[PDB]
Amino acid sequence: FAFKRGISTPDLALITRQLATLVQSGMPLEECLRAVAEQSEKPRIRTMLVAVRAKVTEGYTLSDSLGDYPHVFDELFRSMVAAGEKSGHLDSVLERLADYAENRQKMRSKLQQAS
């Protein structure tokens, strides 16, 4: 039996926002992933993003690469990325995913605060 957990809601919000911002600026996907990793304060997240990037540099899509961490990026997240990649809208779906992740962080906090 194996078992791994995802990352915190703020941690997902930060990296999704950074990746969306970098991709939308017109930088190569691999270079965007390098920057998000290198700017991370979270060793596990840094390692994960180095591994996602490693797959991207072998030529795989972002969605397929995120596939190596299904415990972190769920099927829906990876489906949204794939939809963007297939339709030529990776930039605007990453924006959507960033907005989603930030809203998720906020609502999780709203639920739990003062408990």
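In this text, residue numbers run from 1 along the sequence as written.
- Ranked by Cα temperature factor within the chain, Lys86 sits in the highest third according to the deposited record.
- Remark: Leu49 belongs to the highest third of its chain, ranked by C-alpha B-factor as recorded.
- Per-chain ranking of the deposited C-alpha B factor places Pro70 in the middle third.
- Among the modelled residues of the chain, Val93 sits in the middle third by CA temperature factor in this PDB entry.
- Sort the modelled residues of the chain by CA B factor and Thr57 lands in the highest third.
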